[PDB]
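Each remark here refers to the structure printed beneath this line.
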Amino acid sequence: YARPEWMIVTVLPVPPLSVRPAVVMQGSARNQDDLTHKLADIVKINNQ
Amino acid sequence: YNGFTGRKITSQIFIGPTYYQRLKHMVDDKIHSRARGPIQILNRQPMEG
Amino acid sequence: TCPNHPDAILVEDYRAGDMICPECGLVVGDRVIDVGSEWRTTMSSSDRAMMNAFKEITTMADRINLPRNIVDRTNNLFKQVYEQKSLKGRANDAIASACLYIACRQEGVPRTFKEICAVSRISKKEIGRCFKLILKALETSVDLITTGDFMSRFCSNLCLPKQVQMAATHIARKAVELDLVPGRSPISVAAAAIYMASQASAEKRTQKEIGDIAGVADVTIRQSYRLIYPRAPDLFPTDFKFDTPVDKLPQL
Amino acid sequence: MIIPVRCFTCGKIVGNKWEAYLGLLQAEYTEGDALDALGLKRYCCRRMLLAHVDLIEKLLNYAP
Amino acid sequence: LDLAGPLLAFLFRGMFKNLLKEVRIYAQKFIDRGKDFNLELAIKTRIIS
Amino acid sequence: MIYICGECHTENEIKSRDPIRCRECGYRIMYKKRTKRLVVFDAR
Amino acid sequence: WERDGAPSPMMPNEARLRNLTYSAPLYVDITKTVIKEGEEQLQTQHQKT
Amino acid sequence: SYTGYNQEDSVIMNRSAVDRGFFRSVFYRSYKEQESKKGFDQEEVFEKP
Ligand SMILES: [Zn+2]
Ligand SMILES: [Zn+2]
Ligand SMILES: [Zn+2]
């Protein structure tokens with residue numbers, strides 16, 4: 001069920017859209033959840 | 001005298017002018033019911049709609 | 001998406017926040033609508049430069065007490081001008097001052113170039129240069145100013161009665177209609193009209209006083225006043241109470 | 001704000017007695033004597049005028 | 001008891017300090033260039049308002 | 001579309017697009033006129 | 001101050017109705033003196049700033 | 001203690017007195033809405049959809 005190697009974050013999971021929904025504010029401007037912004041940062045650094 | 005029967009009430013009642021106030025709390029502002037209402041999207045739990 | 005009714009316009013419901021087949025009754029989606037929110041019931045140089053200009057725009061506005069809506073309009077003009085970048089060489093303060101002038105013109109409450117200059121470190125000449133450039137860059141236009149666009153501010157700043165303000169507006173409008181002052185600046189016509197109206201009422205303002213608020217040299221007011229003085233009785237409103245008779249108005 | 005039409009307790013007409021009551025008071029009548037002159041015998045109807053505050057008069061000082 | 005006066009005087013003391021701190025900055029920048037400064041432009045009215 | 005001035009109490013017809021202001025008063029507080037629709041009250 | 005910039009006195013009811021803050025303009029006299037290291041002194045005052 | 005309907009800090013009122021305006025009151029709710037032109041992309045105005 002648990003291994004010491006599994007503690008190291010080699011692959012990072014992405015919460016579903018249900019966990020983090022796309023809020024709508026000021027019309028059709030989809031206000032992404034705080035998780036999305038961090039996820040957007042995470043992918044950018046990972047690609048770099 | 002009893003309103004319903006007109007018979008004298010055995011005990012004599014203390015009656016007179018007293019100053020009363022109507023408080024802002026009306027029942028209509030407080031009565032509220034919930035039955036399969038507009039749950040939230042993120043939490044899937046009840047919220048006011 | 002009624003399974004029975006393909007392509008049916010589901011009706012939104014606020015009772016539980018669900019969309020129902022308009023003619024079946026079936027609830028498609030349990031409580032998906034989210035009624036409550038649906039219905040009312042380390043700074044980049046560009047941003048830092050924009051932020052400073054936004055601060056400058058507000059600082060200029062409060063000096064002449066402009067409403068926030070004009071400032072909001074001015075910010076939009078600055079962003080459009082800043083984004084388009086035809087004025088990159090020009091100083092941001094000059095661009096903002098021109099944007100403030102344009103925002104006032106667009107809103108129907110023009111401020112003269114001198115008034116904008118008084119609240120800005122940028123001279124009138126530079127503001128005018130930026131003003132024309134912004135119009136070309138934005139491909140926009142501003143309605144031509146009229147003599148009555150400054151009567152309310154000028155008369156109120158001079159503490160002149162309302163009847164005088166109406167008389168001055170009538171005089172200025174009539175003078176332009178009669179073409180008694182062809183080519184004269186609307187501000188000069190307004191200043192002369194205010195002087196003509198002021199001298200005909202109990203509250204009398206000297207030429208210097210009218211020039212200061214209007215920013216027009218007394219000589220220019222004197223020139224315009226001399227042009228409209230001959231037709232003084234015609235310009236004045238018919239139902240105007242003359243504290244000083246028109247025949248005895250100052251001659252100069 | 002304005003004098004009630006009826007006495008709350010019994011429903012006796014009271015809306016035609018406010019001006020008469022004020023007139024009697026101006027005539028040096030005591031509040032008790034004025035109420036007696038108007039025919040307000042029950043202390044419920046006397047309560048109506050004795051405690052009435054005529055706010056409508058001051059409401060009419062504001063221009064419509 | 002701190003009423004409106006003392007409470008507002010405390011605020012105005014700081015706000016006036018910021019106003020005078022601001023005119024120094026604006027005036028010094030113009031003085032560094034060597035050009036004389038305009039007093040009215042230096043004052044930032046929104047600080048106290 | 002009749003608006004009543006709050007100062008001079010002057011009825012003046014104003015459109016949706018045009019600015020809100022008294023035609024003659026210059027006052028910027030306007031009140032809508034009472035609806036012509038008839039509403040029934042029970043005198044209860 | 002209106003859109004046109006014409007000042008008018010603000011009655012409290014207008015402030016309540018139009019959601020305006022009930023503030024009074026604040027003016028300060030300022031005296032400016034300049035020294036040019038040339039044994040000359042010039043004093044100018046800006047009335048009601 | 002007339003009919004037991006005033007027990008435990010409860011009150012029995014006269015319906016006929018209520019019918020005559022006894023303790024009748026008015027409730028005023030005010031709603032304010034403003035239209036903002038801020039932002040060139042988006043704008044909002046008063047008009048019946
Ligand atoms: Zn169906
Ligand atoms: Zn009675
Ligand atoms: Zn009016």
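Simple scheme: letters A, B, ... for chains in structure tokens order, numbers from 1 for residues in each chain, numbers from 1 for ligands in the order shown.
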
Checklist entry - Could you name the residues that touch stretch 200-216 of chain C at 8 Å or less, counting only C-alpha atoms, but leaving out those on the same chain fewer than 4 positions away, as a list in words? => result residues 114, 115, 154, 157, 158, 160, 161, 164, 187, 188, 191, 194, 195, 196, 220, 221, 222, 241, 242, 243, 244, 245, 246 and 249 of chain C

Item to check | Contacts of ligand 1, 12 Å or closer, only C-alpha atoms and all ligand atoms, given as a PyMOL selection string | outcome: chain C and resi 1-11+19-28

Any chance you could tabulate, as a Markdown table, the residues of chain E at most 12 Å from chain C with each one's nearest atom pair and distance in Å to one decimal, using only C-alpha atoms, in chain and rising number order?
```
| residue | atom | partner | partner_atom | distance |
| --- | --- | --- | --- | --- |
| E:26 | CA | C:121 | CA | 11.3 |
| E:30 | CA | C:121 | CA | 10.6 |
| E:35 | CA | C:121 | CA | 12.0 |
| E:36 | CA | C:121 | CA | 11.7 |
| E:37 | CA | C:121 | CA | 9.3 |
| E:38 | CA | C:121 | CA | 8.3 |
| E:39 | CA | C:121 | CA | 11.0 |
| E:40 | CA | C:119 | CA | 8.0 |
| E:41 | CA | C:119 | CA | 6.4 |
| E:42 | CA | C:121 | CA | 9.6 |
| E:43 | CA | C:63 | CA | 9.2 |
| E:44 | CA | C:59 | CA | 6.4 |
| E:45 | CA | C:62 | CA | 6.7 |
| E:46 | CA | C:62 | CA | 6.8 |
| E:47 | CA | C:59 | CA | 9.7 |
| E:48 | CA | C:62 | CA | 11.5 |
| E:49 | CA | C:62 | CA | 9.5 |
```

Go ahead and dump the residues you just picked, N, CA and C atoms, as an mmCIF file, in the first residue's frame.
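So selection07.cif came out as:
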```cif
data_model
loop_
_atom_site.group_PDB
_atom_site.id
_atom_site.type_symbol
_atom_site.label_atom_id
_atom_site.label_comp_id
_atom_site.auth_asym_id
_atom_site.auth_seq_id
_atom_site.Cartn_x
_atom_site.Cartn_y
_atom_site.Cartn_z
ATOM 1 N N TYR E 26 7.766 64.983 -5.132
ATOM 2 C CA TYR E 26 7.490 65.643 -6.403
ATOM 3 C C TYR E 26 8.375 66.870 -6.586
ATOM 4 N N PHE E 30 11.637 67.656 -9.487
ATOM 5 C CA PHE E 30 11.718 68.828 -10.351
ATOM 6 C C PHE E 30 12.954 69.659 -10.036
ATOM 7 N N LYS E 35 14.724 72.668 -12.905
ATOM 8 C CA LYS E 35 13.589 73.531 -13.193
ATOM 9 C C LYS E 35 12.784 73.800 -11.926
ATOM 10 N N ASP E 36 12.249 75.013 -11.833
ATOM 11 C CA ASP E 36 11.359 75.353 -10.734
ATOM 12 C C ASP E 36 10.102 74.497 -10.808
ATOM 13 N N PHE E 37 9.437 74.328 -9.670
ATOM 14 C CA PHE E 37 8.254 73.486 -9.579
ATOM 15 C C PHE E 37 7.008 74.329 -9.337
ATOM 16 N N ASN E 38 5.862 73.764 -9.707
ATOM 17 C CA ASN E 38 4.565 74.380 -9.466
ATOM 18 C C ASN E 38 3.942 73.757 -8.225
ATOM 19 N N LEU E 39 3.598 74.601 -7.252
ATOM 20 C CA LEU E 39 3.112 74.093 -5.975
ATOM 21 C C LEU E 39 1.798 73.337 -6.136
ATOM 22 N N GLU E 40 0.872 73.877 -6.930
ATOM 23 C CA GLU E 40 -0.447 73.262 -7.040
ATOM 24 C C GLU E 40 -0.349 71.837 -7.568
ATOM 25 N N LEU E 41 0.504 71.612 -8.567
ATOM 26 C CA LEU E 41 0.626 70.280 -9.146
ATOM 27 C C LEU E 41 1.236 69.299 -8.153
ATOM 28 N N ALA E 42 2.110 69.784 -7.270
ATOM 29 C CA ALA E 42 2.767 68.897 -6.317
ATOM 30 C C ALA E 42 1.761 68.264 -5.366
ATOM 31 N N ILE E 43 0.784 69.044 -4.908
ATOM 32 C CA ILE E 43 -0.165 68.563 -3.912
ATOM 33 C C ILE E 43 -1.061 67.499 -4.530
ATOM 34 N N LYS E 44 -1.161 66.355 -3.859
ATOM 35 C CA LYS E 44 -2.024 65.256 -4.281
ATOM 36 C C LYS E 44 -3.260 65.291 -3.389
ATOM 37 N N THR E 45 -4.394 65.688 -3.966
ATOM 38 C CA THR E 45 -5.577 65.962 -3.157
ATOM 39 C C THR E 45 -6.241 64.677 -2.675
ATOM 40 N N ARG E 46 -6.090 63.584 -3.426
ATOM 41 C CA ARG E 46 -6.775 62.348 -3.066
ATOM 42 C C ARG E 46 -6.274 61.786 -1.743
ATOM 43 N N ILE E 47 -5.082 62.193 -1.301
ATOM 44 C CA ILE E 47 -4.504 61.610 -0.093
ATOM 45 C C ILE E 47 -5.405 61.865 1.107
ATOM 46 N N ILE E 48 -5.870 63.106 1.261
ATOM 47 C CA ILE E 48 -6.689 63.449 2.417
ATOM 48 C C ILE E 48 -8.153 63.130 2.151
ATOM 49 N N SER E 49 -8.614 63.339 0.917
ATOM 50 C CA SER E 49 -10.003 63.041 0.590
ATOM 51 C C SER E 49 -10.301 61.557 0.750
#
```

Residue A:34 surroundings by only C-alpha atoms, 12 Å radius, close-in-sequence under 4 positions cut, as a PDB file with N, CA, C and O atoms, in the first residue's frame:
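This is the output file part-v5.pdb:
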```pdb
ATOM      1  N   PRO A  15      -6.307  17.130 -10.378  1.00  0.00           N
ATOM      2  CA  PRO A  15      -7.675  16.931  -9.917  1.00  0.00           C
ATOM      3  C   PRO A  15      -8.648  17.037 -11.074  1.00  0.00           C
ATOM      4  O   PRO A  15      -8.437  17.825 -12.015  1.00  0.00           O
ATOM      5  N   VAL A  19     -13.545  18.470  -9.052  1.00  0.00           N
ATOM      6  CA  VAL A  19     -12.864  18.994  -7.871  1.00  0.00           C
ATOM      7  C   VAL A  19     -12.645  20.494  -8.014  1.00  0.00           C
ATOM      8  O   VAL A  19     -12.875  21.269  -7.079  1.00  0.00           O
ATOM      9  N   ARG A  20     -12.190  20.922  -9.188  1.00  0.00           N
ATOM     10  CA  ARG A  20     -11.960  22.335  -9.486  1.00  0.00           C
ATOM     11  C   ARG A  20     -12.827  22.737 -10.673  1.00  0.00           C
ATOM     12  O   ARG A  20     -12.523  22.370 -11.821  1.00  0.00           O
ATOM     13  N   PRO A  21     -13.932  23.447 -10.453  1.00  0.00           N
ATOM     14  CA  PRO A  21     -14.810  23.820 -11.563  1.00  0.00           C
ATOM     15  C   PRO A  21     -14.443  25.167 -12.172  1.00  0.00           C
ATOM     16  O   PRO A  21     -13.740  25.987 -11.578  1.00  0.00           O
ATOM     17  N   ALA A  22     -14.941  25.378 -13.388  1.00  0.00           N
ATOM     18  CA  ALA A  22     -14.712  26.619 -14.126  1.00  0.00           C
ATOM     19  C   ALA A  22     -15.850  27.580 -13.807  1.00  0.00           C
ATOM     20  O   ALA A  22     -16.925  27.512 -14.407  1.00  0.00           O
ATOM     21  N   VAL A  23     -15.610  28.485 -12.857  1.00  0.00           N
ATOM     22  CA  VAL A  23     -16.637  29.437 -12.456  1.00  0.00           C
ATOM     23  C   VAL A  23     -16.844  30.467 -13.560  1.00  0.00           C
ATOM     24  O   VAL A  23     -15.932  30.775 -14.339  1.00  0.00           O
ATOM     25  N   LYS A  38      -2.351  27.337 -10.274  1.00  0.00           N
ATOM     26  CA  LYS A  38      -1.168  26.586  -9.869  1.00  0.00           C
ATOM     27  C   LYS A  38      -0.848  25.493 -10.879  1.00  0.00           C
ATOM     28  O   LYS A  38       0.321  25.270 -11.216  1.00  0.00           O
ATOM     29  N   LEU A  39      -1.874  24.802 -11.376  1.00  0.00           N
ATOM     30  CA  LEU A  39      -1.648  23.787 -12.398  1.00  0.00           C
ATOM     31  C   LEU A  39      -1.056  24.406 -13.657  1.00  0.00           C
ATOM     32  O   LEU A  39      -0.148  23.835 -14.271  1.00  0.00           O
ATOM     33  N   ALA A  40      -1.554  25.578 -14.053  1.00  0.00           N
ATOM     34  CA  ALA A  40      -0.986  26.264 -15.209  1.00  0.00           C
ATOM     35  C   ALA A  40       0.479  26.607 -14.971  1.00  0.00           C
ATOM     36  O   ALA A  40       1.311  26.473 -15.877  1.00  0.00           O
ATOM     37  N   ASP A  41       0.812  27.061 -13.763  1.00  0.00           N
ATOM     38  CA  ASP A  41       2.212  27.303 -13.432  1.00  0.00           C
ATOM     39  C   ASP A  41       3.008  26.005 -13.439  1.00  0.00           C
ATOM     40  O   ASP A  41       4.136  25.963 -13.939  1.00  0.00           O
TER      41      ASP A  41
END
```

Checklist entry - If you count only C-alpha atoms and all ligand atoms, which residues end up within 10 Å of ligand 3, as an MDAnalysis selection string? => result chainID F and resid 4:12 21:30

Next on the checklist: Show me, as number ranges by chain, the residues of chain C whose atoms get within 10 Å of chain G, using only C-alpha atoms for the distance check.
Outcome noted: C: 64-70, 104, 107-111, 149-159

Next on the checklist: DSSP on the backbone, alpha helix (DSSP H) only: what residues of stretch 72-240 of chain C does that give? Format it as a count of residues only.
Outcome noted: 110

Neighbouring residues of ligand 2 are defined here as those with any atom at most 7 Å from a ligand atom, counting only C-alpha atoms and all ligand atoms; list them as an mmCIF file with N, CA and C atoms, in the first residue's frame.
```cif
data_model
loop_
_atom_site.group_PDB
_atom_site.id
_atom_site.type_symbol
_atom_site.label_atom_id
_atom_site.label_comp_id
_atom_site.auth_asym_id
_atom_site.auth_seq_id
_atom_site.Cartn_x
_atom_site.Cartn_y
_atom_site.Cartn_z
ATOM 1 N N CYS D 7 -62.161 53.968 16.778
ATOM 2 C CA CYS D 7 -61.476 53.502 17.971
ATOM 3 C C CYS D 7 -61.140 52.031 17.784
ATOM 4 N N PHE D 8 -59.894 51.661 18.078
ATOM 5 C CA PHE D 8 -59.476 50.281 17.861
ATOM 6 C C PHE D 8 -60.307 49.320 18.697
ATOM 7 N N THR D 9 -60.529 49.656 19.966
ATOM 8 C CA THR D 9 -61.185 48.728 20.877
ATOM 9 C C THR D 9 -62.625 48.451 20.460
ATOM 10 N N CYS D 10 -63.421 49.498 20.260
ATOM 11 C CA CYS D 10 -64.852 49.336 20.063
ATOM 12 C C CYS D 10 -65.340 49.703 18.671
ATOM 13 N N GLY D 11 -64.544 50.404 17.872
ATOM 14 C CA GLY D 11 -64.977 50.786 16.548
ATOM 15 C C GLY D 11 -65.784 52.057 16.489
ATOM 16 N N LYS D 12 -65.862 52.805 17.585
ATOM 17 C CA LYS D 12 -66.540 54.088 17.568
ATOM 18 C C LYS D 12 -65.802 55.063 16.662
ATOM 19 N N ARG D 42 -66.075 56.009 27.170
ATOM 20 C CA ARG D 42 -65.204 54.867 27.401
ATOM 21 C C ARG D 42 -63.748 55.301 27.333
ATOM 22 N N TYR D 43 -62.930 54.771 28.244
ATOM 23 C CA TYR D 43 -61.533 55.180 28.283
ATOM 24 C C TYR D 43 -60.746 54.639 27.101
ATOM 25 N N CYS D 44 -61.334 53.738 26.316
ATOM 26 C CA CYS D 44 -60.685 53.308 25.085
ATOM 27 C C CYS D 44 -60.752 54.399 24.023
ATOM 28 N N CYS D 45 -61.892 55.085 23.915
ATOM 29 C CA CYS D 45 -62.030 56.159 22.940
ATOM 30 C C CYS D 45 -61.316 57.423 23.383
#
```
